[PDB]
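S.K.: Before I ask anything, here is the structure I am working with.
A quick note on method: Cβ atoms are made from the backbone with ideal geometry, for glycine too, and the neighbour counts reach across all protein chains shown. Values in this text are rule-based calculations from the coordinates and carry no lab data.
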Amino acid sequence: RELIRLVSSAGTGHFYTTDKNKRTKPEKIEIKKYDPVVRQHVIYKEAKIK
Amino acid sequence: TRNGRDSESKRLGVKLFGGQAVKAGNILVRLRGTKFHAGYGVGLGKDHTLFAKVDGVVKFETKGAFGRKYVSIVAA
Amino acid sequence: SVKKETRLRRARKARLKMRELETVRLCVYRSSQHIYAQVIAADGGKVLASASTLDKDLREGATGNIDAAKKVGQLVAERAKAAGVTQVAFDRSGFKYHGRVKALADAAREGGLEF
Amino acid sequence: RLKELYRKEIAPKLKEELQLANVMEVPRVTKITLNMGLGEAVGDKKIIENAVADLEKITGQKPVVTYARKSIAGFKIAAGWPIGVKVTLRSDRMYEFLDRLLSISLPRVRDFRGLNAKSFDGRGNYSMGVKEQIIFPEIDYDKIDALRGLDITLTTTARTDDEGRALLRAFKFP
Amino acid sequence: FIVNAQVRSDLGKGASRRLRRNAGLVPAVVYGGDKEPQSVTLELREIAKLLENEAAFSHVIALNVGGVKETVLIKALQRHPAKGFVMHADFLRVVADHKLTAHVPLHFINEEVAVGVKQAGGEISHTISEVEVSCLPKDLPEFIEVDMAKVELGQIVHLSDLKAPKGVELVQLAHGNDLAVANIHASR
Amino acid sequence: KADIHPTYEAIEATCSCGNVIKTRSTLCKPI
Amino acid sequence: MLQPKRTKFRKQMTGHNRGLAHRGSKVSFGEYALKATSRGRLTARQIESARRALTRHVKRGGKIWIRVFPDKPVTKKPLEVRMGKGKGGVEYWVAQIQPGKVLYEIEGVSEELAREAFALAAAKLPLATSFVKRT
RNA sequence: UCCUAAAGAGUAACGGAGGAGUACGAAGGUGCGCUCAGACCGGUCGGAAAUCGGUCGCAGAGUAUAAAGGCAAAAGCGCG
RNA sequence: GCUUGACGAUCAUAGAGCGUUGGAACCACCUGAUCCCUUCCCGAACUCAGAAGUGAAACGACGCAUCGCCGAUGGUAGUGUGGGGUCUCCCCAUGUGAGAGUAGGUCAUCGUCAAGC
């Protein structure tokens, strides 16, 4: 469970932070989450915290 | 084999016994998995904490099938 | 039977949820012959209004279809307006919300009896 | 077919053959499972579909596969999870199924004695055998290597032994 | 069988201990399904002479509290577990129309003439005496005969295998509990 | 040859003995 | 000796030995018995020693019931051992005895032979015992 | 996590027993639906045993993981 | 004034078992699945349209105490305080007081609404 970053599909630079088991679920996560800087729900699609 | 090792004794049990005036957020019972169930105006939090949703006095009724102990608050 | 003690077990969650919220309840009891509708106050043990199919102005011989439930819909809505109740909750009583239960619910809802 | 013999003779034979007071405890005809044990070669995931294809057209109806329950790791392995197959022909489908079992298709392979003799358990015995996975319509000399088996018994939908041996027969059928 | 009794207007722990150690007495109660219970003092020396009798517990006992006399069946007995003597006696009213369960001893009559003893080498093992019964007070078995004469080696006599004398209901036979009464088995 | 072997055992009371011990009747699904 | 076949734990506490023996005070299987009148502790080779005294003094037959059962394990620190380095290990087994506990029971003998057999039995036991008959 | 711990909390020992340094994008949410396990008796490869048909049943099953405490509105189980 | 439904109050003195009895209204079983809807495979569950039949199953009412479950009185054990002793344990004063068992109970008692009598 190495930790990842879920950045917002909207134009902001807001990110939620979580984990993932890489060696079982290697594909990326496209979960719809709530962005506070635009104040609507948008998809989040990211990894690579560095 | 060797033997030490306890833990920090989580202070569980009955706060706010059975006739006491309660405010609308007070912890009733700290609980490790529902000895006492949620009655009339009481809440059942995440770790099975019973808390008060309204004011009144604590009831502690043994009600119904399954022999369950209920904490309820009677607005009195 | 094994049908009825199963559907009361199905119903019991919503029955027991509407007495937590202190909500006036609209119960149904479908049978194979016909359907009943009943308005129960927010404790379980007292009835405000009640309207069946065997009210003696709509016993017909064709009683027990998706039409008779729709008749009982407004027939319980206009009896509940007299009783002074809105913001009721619909109790399907373990029956699946699809046929004459759905029809009774929609026809009671059409008579301003707000679920 | 369960017909002119049933709706005019069998249902009024059994009221005075078992001396029943009113009708409806005359036995109905309901439900079993094959439980065709495809757990041979349990770690497969390739012959269950052949078993479903085998049992599909001989019954005219889709089965499901029945899964293992426990990890009984002495008999076989526990990862071989899909190990079953299952199809009822309904009372509505029993009609073409009754005049296809023990009407002309009674010689499955052979018997020297198909006796109705050696089982007194108080629930209504009969006698017939099914060991071959081929004795049915619509099967080839060879199209797929056919390894299966089909299991039918019958029970009273009713009370007892002697109250359930009589409805289970329909013709001169030992 | 007659015991003398008193009135006992004082109940409790220290009261009962004072009766036993100062007055030399023994508490008791008399009760039945038809009257109120009544607490009674008795004498330890005067009830311990009844308990010497073999037919003490399965018998009518007249009991005289004042001038009032009752018919009494002893149905309970408490006893000091170490030393062994009666503390409170705890007996029952007797009415002529009543079911009246009591314990009755077994009496094991002719054990020398036993065909699992004389010819075959074996000994008699009484696993049970004191059978509980269910009977009107008209038939009170002071004893129940257990004939052990026609019983072979290795053979077991059960509760069905003996006699119920003139309308006596053996209780365990009225359940599915056919208990083993006695036994003939090989020696050690 | 004496090497082939059928494997059917819950068919095996005498054909329709009622139950074996598991009690219901005719055909194979819980449909 | 008598030991359990396996126990749920290996060490008990020390505990106390209070009360009278209300349960275990009746001659429930035999005709005559050896009842204790003082409280104490029987160490499972006392029990077997009095057992062998009984079974050797009978010589003819009978049936002997041994009623007590040592289920309490007792530990020991060995010698040249400083105190408090963990609880010491089990050595033997013990039945806790209260006044009134029936220890042994016999049937099939005469009352005289039973009495002078439980005299041999009581000679090997650290308790104060007595002789009782079936009530 | 249980005992010691004295029926509220708390409570020591190089006292008695076990565990953890995580898993999970569903093992979370919700709606709808469903009960487990066990004896029985059943021999033409398994034979006490798999697959089921459950008569008796009568929570003893299960719960990601130690123990304790909880679970029918199941907190168990399946599906959208 | 009772019968059948639905909903609750209360959770065995209310349960389980065994027996009798209920069909016209009610409910259950029932007939058929075109059409809604459904079956890890279903018209046997879920669903619709019913009105030929049956109260067999189930459910209900009435009976029975063998089972389960309640359960006295009395005593016993424990124990607060005060004092004793032969002090790893008991006793006395005083207050309290079981669990078990014994006698004995129990085959429930209520309320709201709706159709019938």
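S.K.: Just to be sure I understand: if I project the alpha-carbon convex hull of chain A onto a plane and average over all orientations, what area do I get in nm²?
M.R.: In nm², the orientation-averaged hull projection of chain A is 3.3.
S.K.: Hey, which of these cross-link pairs are over 21 Å Cα-Cα: E:35/G:26; C:96/F:22; B:23/B:59?
M.R.: E:35/G:26; C:96/F:22, as the Cα separations exceed 21 Å there.
S.K.: Still on this structure, please answer the following. Got a sec to turn the phi values of the stretch D:149-162 into Karplus ³J(HN,Hα) couplings, 6.51 cos²θ - 1.76 cosθ + 1.60 with θ = phi - 60°, whole Hz, x for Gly and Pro?
M.R.: x, 10, 10, 10, 10, 9, 10, 4, 8, 5, 7, 10, 4, 6
S.K.: Now for a different question. For residue B:69 and residue E:34, FRET efficiency with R0 = 51 Å and r from the beta-carbon atoms, rounded to 0.05?
M.R.: That gives a FRET efficiency of 0.80.
S.K.: Could you work out the relative contact order of chain D, using alpha carbon pairs under 8 angstrom and six or more residues apart, expressed as a whole percent?
M.R.: Taking the mean separation of contacting Cα pairs over the length of chain D, I get 28 percent.
S.K.: Could you give the nm distance between label points at residue D:93 and residue E:178, where each point is 7 Å from its Cα heading toward the beta carbon?
M.R.: Modelled inter-label distance: 5.3 nm.
S.K.: With each pseudo-label sitting 7 Å past Cα toward Cβ, what's the residue C:42-residue E:53 distance in nm, one decimal?
M.R.: Placing both labels 7 Å along Cα→Cβ, they lie 7.5 nm apart.
S.K.: Just check chain E against the gyration tensor rule for me: Cα atoms, a ≥ b ≥ c as the square roots of the eigenvalues, rounded for a/c under 1.5, and otherwise prolate or oblate depending on whether a/b exceeds b/c.
M.R.: Prolate is the answer for chain E, as a/c is 1.5 or above and a/b outweighs b/c.
S.K.: Write down the percent of antiparallel bridges among all DSSP beta bridges whose residues are both part of chain B, to the nearest 5.
M.R.: 80
S.K.: Which whole-Hz ³J(HN,Hα) couplings does the stretch E:77-88 yield from phi under the Karplus relation 6.51 cos²θ - 1.76 cosθ + 1.60, θ = phi - 60°, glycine and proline marked x?
M.R.: After applying 6.51 cos²θ - 1.76 cosθ + 1.60, I find 7, 10, 7, 5, x, 8, 6, x, 5, 7, 10, 3 Hz.
S.K.: Given a Förster radius of 25 Å and the C-beta distance between residue C:97 and residue C:13 as r, what FRET efficiency does 1/(1 + (r/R0)^6) yield to the nearest 0.05?
M.R.: The pair residue C:97/residue C:13 has a calculated efficiency of 0.95.
S.K.: Once amide H atoms are placed 1.01 Å from N in the peptide plane, what residues at a sequence separation of 5 or more from residue C:53, or on another chain, have their amide H within under 5 Å of its amide H?
M.R.: HN-HN under 5 Å from residue C:53: C:35, C:37.
S.K.: How big is the Cα convex hull of the stretch E:64-175 in projection, averaged over all directions, in nm²?
M.R.: With every direction weighted equally, the projected area is 10.2 nm².
S.K.: In addition: In percent, how large is the relative contact order of chain E, given Cα pairs closer than 8 Å and 6 or more residues apart?
M.R.: Taking the mean separation of contacting Cα pairs over the length of chain E, I get 18 percent.
S.K.: Kindly identify the stretch D:1-87 as rounded, prolate or oblate by the Cα gyration tensor criterion: order the square roots of the eigenvalues as a ≥ b ≥ c, call it rounded if a/c is under 1.5, otherwise compare a/b with b/c, prolate if a/b is larger, else oblate.
M.R.: prolate
S.K.: Now for a different question. Report, to the nearest 10°, how far helix G:111-122 tilts away from the longest principal axis of the Cα atoms in chain G, using its own Cα long axis and a range of 0 to 90°.
M.R.: Roughly 20 degrees between the two axes.
S.K.: In whole Hz, with x marking every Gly and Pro, tabulate ³J(HN,Hα) for the stretch F:15-27 from phi via Karplus 6.51 cos²θ - 1.76 cosθ + 1.60, θ = phi - 60°.
M.R.: After applying 6.51 cos²θ - 1.76 cosθ + 1.60, I find 2, 10, 7, x, 7, 8, 9, 10, 6, 6, 8, 9, 9 Hz.
S.K.: Let me ask something additional. Could you work out the mean projected area of the convex hull around the alpha carbons of the protein assembly as shown, in square nanometres to one decimal?
M.R.: 64.4
S.K.: Right, next: Hey, if you put +1 on the Cβ of every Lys and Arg and -1 on every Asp and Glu Cβ in chain G, which of G:36, G:86, G:106 ends up farthest toward the positive end of that dipole?
M.R.: About the Cα centre, the residue reaching furthest to the positive side is G:86.
S.K.: In whole percent, what relative contact order does the stretch E:121-185 give with Cα contacts below 8 Å and a gap of six or more residues?
M.R.: So the answer I get is 53 percent.
S.K.: Still on this structure: Among A:9, A:47, A:34, pick out the residue whose Cα is farthest towards the positive end of the charge dipole of chain A, where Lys and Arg carry +1 and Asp and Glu carry -1 on C-beta, about the Cα centre.
M.R.: Result: A:47, furthest along the dipole toward the positive end.
S.K.: Can you tell me how much longer the chain between residue E:15 and residue E:60 gets when fully stretched, taken as 0.36 nm per residue apart minus their C-alpha distance, in nm with one decimal?
M.R.: Going from the current span to full extension adds 13.2 nm.
S.K.: Using a Förster distance of 30 Å, how high is the FRET efficiency between residue D:115 and residue D:28, based on the Cβ-Cβ distance and rounded to 0.05?
M.R.: With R0 = 30 Å, the Cβ-Cβ based efficiency is 0.60.
S.K.: With N set to the number of residues, divide the alpha-carbon radius of gyration of chain G by 2.2 N^0.38 Å and report two decimals.
M.R.: 1.17
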